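Read the structure below first, then the notes.
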Amino acid sequence: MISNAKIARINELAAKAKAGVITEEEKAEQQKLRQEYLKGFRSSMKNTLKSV
């Protein structure tokens, strides 16, 4: 899972997106973060799989 600071940024940009004020630079930033989030998630799922 990615840093707490980055989760906070994802939430901030998600809010801008819903409000329709997000810029193109922020959209690109959000995409990069969403990829970093999914990567940290797949990694975490690797050790969550090891359970009954």
### Message
Based on this model, can you work out whether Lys16 counts as surrounded by 11 or more Cβ atoms within 10 Å (Cβ to Cβ) and of a type outside the set (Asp, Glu)?
### Response
yes
### Message
Can you tell me which residue is surrounded by the most Cβ atoms within 10 Å (Cβ to Cβ) among those in region 19-52 that are in contact with a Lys or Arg (Cβ under 8 Å, 6 or more places away or on another chain) and assigned to a helix (DSSP H, G or I)?
### Response
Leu33
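Are any residues in region 1-18 outside any helix (DSSP H, G or I) and either free of Cβ contacts under 8 Å to residues at least 24 places away in the same chain or of a type in the set (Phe, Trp, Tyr) (or both), and if so, which ones? Walk me through how you get there before you give the answer.
Within region 1-18, the subset outside any helix (DSSP H, G or I) is 1-3.
Result: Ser3, single match.
Read the figures in this text as sums done on the coordinates, not as results from a lab. No Cβ is skipped: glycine too gets one built from the backbone with ideal geometry, and neighbour counts run over all protein chains shown.
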